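One structure below.
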Amino acid sequence: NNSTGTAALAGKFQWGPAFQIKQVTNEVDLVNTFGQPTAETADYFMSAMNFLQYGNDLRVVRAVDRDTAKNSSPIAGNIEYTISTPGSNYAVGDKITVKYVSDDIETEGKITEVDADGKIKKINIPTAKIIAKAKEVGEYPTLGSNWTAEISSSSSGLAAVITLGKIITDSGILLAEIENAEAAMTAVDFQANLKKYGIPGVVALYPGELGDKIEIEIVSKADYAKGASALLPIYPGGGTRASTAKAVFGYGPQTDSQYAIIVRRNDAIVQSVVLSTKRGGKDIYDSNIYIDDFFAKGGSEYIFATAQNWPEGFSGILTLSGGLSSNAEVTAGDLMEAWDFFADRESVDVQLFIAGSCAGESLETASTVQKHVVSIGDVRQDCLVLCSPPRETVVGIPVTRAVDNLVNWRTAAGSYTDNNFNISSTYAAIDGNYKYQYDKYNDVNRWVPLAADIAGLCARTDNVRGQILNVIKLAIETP
């Protein structure tokens, strides 16, 4: 395609997919997918963006901390609670009351599952009011000490003991690759709470606080006819809200195990589908609409779900929260794990390697990541690993000091003996100052690794050096 200028980029982004070789072609198409540049993301958004200027195709891989990244979920609003002593002779809509020091805060809780003897098996306490009061008095999400829960005064039956913990802030789920896809959606620990708080397994598709803006609306074949009147409840916040299902769908839920799903971000009805919890079942087109499969195959850009522990006849409003992409602490290695996704010609045909994108990171990682990226093009020898200097070394100081630094770094010598870049590949193209662009998003002038740019400048000229596009200043010039 002029010799198939396929770039390759890996780094931290505001939005997943995490650890996936998702391909990108437009700017407005990468924003859609990994979108705005945060002050922790900048140099990677730019890296891509100002490449797609000379760019046909870009293959990226988002680096997430696997240990602390989180996909927004419906678990992450609820409130710890443990039925210390199941009562007896209780029933199902017996109301529960959460007090703050003998003072009523929430009074809309309610037992929701008993057995034959009235032994309390499951309850549901809305946290809208309490997290409010709790935030308001420093006890968030700690809680516990002055926070108490009693039953109606009273339900038919007696003896019970509910014990309150903290406000759960761990969404309890992270989706990365798809080999693990619903396998994380089906972890004892996760699936556990989906039972405990009687909700379905519906989570945001990509790690990130950006997922908190999603709001699923679920209606079953049951409350679908009453679709207008049916007053869907809101988990975990509380309160209700008139359904909308029949007022958005023509083709309504067919079988009793089919549900209407309406996904919203910012009041926008981002997606609208009908799915089934029973394998095989299809729409009027023999399209397998069994939940687990539908999503298993790029079914939805926004969310991801699993029929497992999906409450029968469940209808309500799910509120995703606790969503948490942490670039906060993506370790250098967490980057190298990512880059590795390209280290075999068997798998990915990628011609160029945007590497300078780490220019800004911890000087150490600035060097050791790239250094390693070179050792991927080296061992594969179907590419160009192009690489740029660390901001530290080139942007602040005057040229006098500037060059001294660069040359020391390229060997060992003075200050950068340790974090050197002392390698020598015929595939290694290093990258020689650092560019000063304007950031149409944050609306600020910003220094970015120049390598990202020249790489697109290659996909161009011949097959894979002529002024660069959007520069407005270079660290050194020229002369």
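Identifiers in the structure tokens: chain A, B, ... in order shown; residue index from 1 per chain; ligand index from 1 in order shown.
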(Q) When you look at residue 391 of chain A with a cut-off of 12 Å (counting only C-alpha atoms), what residues show up, excluding the ones that are within fewer than 6 positions of it in the same chain? I need them as a VMD selection string. (A) chain A and resid 43 356 to 364 366 to 367 397 402 405 to 406 431 to 436 446 to 450 474 to 475
Each segment 61-129 of chain A residue no farther than 8 Å from segment 191-197 of chain A, nearest pair in Å, only C-alpha atoms, as a Markdown table:
```
| residue | atom | partner | partner_atom | distance |
| --- | --- | --- | --- | --- |
| A:75 | CA | A:193 | CA | 6.9 |
| A:78 | CA | A:197 | CA | 7.4 |
| A:122 | CA | A:196 | CA | 6.7 |
| A:123 | CA | A:197 | CA | 7.4 |
| A:124 | CA | A:197 | CA | 6.2 |
```
Can you write out the residues you just picked, keeping N, CA and C atoms, as an mmCIF file, in the first residue's frame?
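After the write, again.cif holds the following:
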```
data_model
loop_
_atom_site.group_PDB
_atom_site.id
_atom_site.type_symbol
_atom_site.label_atom_id
_atom_site.label_comp_id
_atom_site.auth_asym_id
_atom_site.auth_seq_id
_atom_site.Cartn_x
_atom_site.Cartn_y
_atom_site.Cartn_z
ATOM 1 N N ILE A 75 -21.788 -3.933 40.681
ATOM 2 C CA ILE A 75 -21.453 -4.293 42.052
ATOM 3 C C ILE A 75 -21.009 -3.068 42.837
ATOM 4 N N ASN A 78 -23.051 -0.987 45.838
ATOM 5 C CA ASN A 78 -23.661 -1.659 46.958
ATOM 6 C C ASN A 78 -22.911 -1.430 48.244
ATOM 7 N N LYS A 122 -31.439 -13.319 51.561
ATOM 8 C CA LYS A 122 -30.932 -12.191 50.781
ATOM 9 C C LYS A 122 -31.724 -10.899 50.992
ATOM 10 N N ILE A 123 -31.013 -9.777 51.050
ATOM 11 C CA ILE A 123 -31.643 -8.468 51.183
ATOM 12 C C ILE A 123 -31.097 -7.507 50.136
ATOM 13 N N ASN A 124 -31.673 -6.311 50.060
ATOM 14 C CA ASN A 124 -31.162 -5.284 49.155
ATOM 15 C C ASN A 124 -31.323 -3.881 49.722
#
```
(Q) Can you tell me which residues surround segment 132-136 of chain A at a distance of at most 10 Å, considering only C-alpha atoms, apart from same-chain residues fewer than 6 positions away, and format the answer as a PyMOL selection string? (A) chain A and resi 100+105-106+142-143+147+167
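Our summary of the geometry notes that atom CA of residue 95 of chain A is positioned 19.7 Å from atom CA of residue 314 of chain A.
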Q) What are the DSSP helix (DSSP H, G or I) residues of segment 136-288 of chain A, as a PyMOL selection string? A) chain A and resi 136+181-184+188-196+209-213+221-228+245-247
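Proximity to segment 244-249 of chain A at 10 Å, evaluated using only C-alpha atoms and with sequence-adjacent residues fewer than 2 positions away removed, yields residues 217, 218, 219, 220, 223, 224, 225, 226, 227, 228, 229, 230, 231, 232, 241, 242, 251, 252, 253, 259, 260, 261, 262, 269, 272, 273 and 274 of chain A.
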Q: Apply DSSP to the backbone of this structure and, from segment 58-299 of chain A, keep only the residues in strand (DSSP E or B); write these as JSON, numbers by chain.
A: {"A": [58, 59, 60, 61, 62, 70, 71, 73, 79, 80, 81, 82, 83, 84, 85, 95, 96, 97, 98, 99, 100, 104, 105, 106, 107, 108, 109, 110, 111, 112, 113, 114, 120, 121, 122, 123, 124, 147, 148, 149, 150, 151, 161, 162, 163, 164, 165, 166, 167, 201, 202, 203, 204, 208, 214, 215, 216, 217, 218, 219, 220, 231, 232, 233, 234, 235, 240, 241, 242, 258, 259, 260, 261, 262, 263, 264, 265, 268, 269, 270, 271, 272, 273, 274, 275, 276, 282, 288, 290]}
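With only C-alpha atoms as the atoms that count, the residue of A:324, A:472, A:455, A:9 with the shortest distance to residue 209 of chain A is A:324.
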Q. Restricting the calculation to only C-alpha atoms, which member of A:112, A:381, A:14, A:365 is positioned closest to residue 351 of chain A?
A. A:381
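Atom CA of residue 54 of chain A is positioned 8.1 Å from atom CA of residue 458 of chain A.
Those residues that approach residue 372 of chain A to within 10 Å, counting only C-alpha atoms, are residues 333, 336, 339, 340, 355, 367, 368, 369, 375, 376, 377, 378 and 421 of chain A; same-chain residues fewer than 3 positions away are not listed.
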Q | Within 12 Å of residue 28 of chain A using only C-alpha atoms, minus same-chain residues under 2 positions, as a list in words | A | residues 24, 25, 26, 30, 31, 32, 33, 34, 35, 36, 45, 48, 49, 52 and 441 of chain A
Write out the residues from the selection above, keeping C-alpha atoms, as a PDB file, in the first residue's frame.
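Wrote it out as part-v7.pdb, contents follow:
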```
ATOM      1  CA  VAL A  24      -7.141   2.137  14.202  1.00  0.00           C
ATOM      2  CA  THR A  25      -7.512   4.160  10.998  1.00  0.00           C
ATOM      3  CA  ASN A  26      -9.025   7.572  11.781  1.00  0.00           C
ATOM      4  CA  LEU A  30      -9.175   6.402  17.901  1.00  0.00           C
ATOM      5  CA  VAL A  31     -10.837   8.998  20.122  1.00  0.00           C
ATOM      6  CA  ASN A  32     -13.972   6.913  19.839  1.00  0.00           C
ATOM      7  CA  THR A  33     -11.879   4.008  21.112  1.00  0.00           C
ATOM      8  CA  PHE A  34      -9.032   5.307  23.284  1.00  0.00           C
ATOM      9  CA  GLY A  35     -10.090   8.898  23.150  1.00  0.00           C
ATOM     10  CA  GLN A  36      -8.958  12.091  24.805  1.00  0.00           C
ATOM     11  CA  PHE A  45      -2.721   9.834  22.088  1.00  0.00           C
ATOM     12  CA  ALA A  48      -1.051   8.036  17.297  1.00  0.00           C
ATOM     13  CA  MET A  49      -3.022  11.136  16.300  1.00  0.00           C
ATOM     14  CA  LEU A  52      -2.535   9.180  11.317  1.00  0.00           C
ATOM     15  CA  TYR A 441      -8.141  18.631  23.066  1.00  0.00           C
TER      16      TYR A 441
END
```
With only C-alpha atoms counted and 8 Å as the cut-off, give the residues of segment 444-479 of chain A in contact with segment 55-65 of chain A, each with its shortest interatomic distance in Å and the pair that gives it, as a tab-separated table.
```
residue	atom	partner	partner_atom	distance
A:456	CA	A:55	CA	5.4
A:459	CA	A:55	CA	6.6
A:460	CA	A:55	CA	7.7
```
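Our summary of the geometry notes that atom CA of residue 72 of chain A is positioned 15.3 Å from atom CA of residue 181 of chain A.
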Q.
Can you tell me which residues surround residue 98 of chain A at a distance of at most 9 Å, considering only C-alpha atoms, apart from same-chain residues fewer than 2 positions away, and format the answer as a list in words?
A. residues 96, 100, 103, 104, 105, 106, 107, 108, 109, 125, 130, 147, 148, 149, 150 and 151 of chain A
